[PDB]
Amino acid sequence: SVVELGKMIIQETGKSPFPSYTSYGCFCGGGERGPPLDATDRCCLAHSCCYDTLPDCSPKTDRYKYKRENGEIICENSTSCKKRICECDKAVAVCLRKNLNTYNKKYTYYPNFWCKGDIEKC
C-alpha cells in the first residue's frame, strides 16, 4: 500500500508524499500523541485510526489496484484487505486535498516530541 498511498497523494494534492506529508504535524507519518495541529493533521489521525480497523491485514505491504472514474478513486475488490486498505488510503488522500486550503508550509517538518497530549483513541 505504501506505493498505492503515495501515488494517490501526489495525484490528489500535487505534493510528493515525501517531504510534504511524511512528517507534517503530529500524525502525518505516524504518531499517537497530539493534539492535532490542523485539519491536515486530522486527516492523518483518521487514516491511522482507519488502518487500526484492519488488524487482519498488512496496510503497509499489501499491494492493491485502483482506478479513477469521473474524479473519484475506485478501489478494487479482488480481496477483502485490498478493498478496505484501499478505502483507508483513498479517504486520507481526498481529505488532504480538501484541506490543502490550510496546509501550512511551516508544519511540514514538525518535531514529534512537541506532541505531548495523551495517546489518541480513535
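Numbering starts at 1 and runs along the sequence shown.
Two stretches are in play, 71-79 and 39-47, and the higher mean C-alpha B-factor belongs to 71-79. Between 108-116 and 9-17, it is 108-116 that carries the larger average Cα temperature factor according to the deposited entry. Annotation for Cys57: C-alpha temperature factor in the highest third relative to the rest of the modelled chain, per the entry. Annotation for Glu87: CA B-factor lies in the middle third of the chain's modelled residues. When the modelled residues of the chain are ordered by C-alpha B-factor, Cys122 sits in the highest third.
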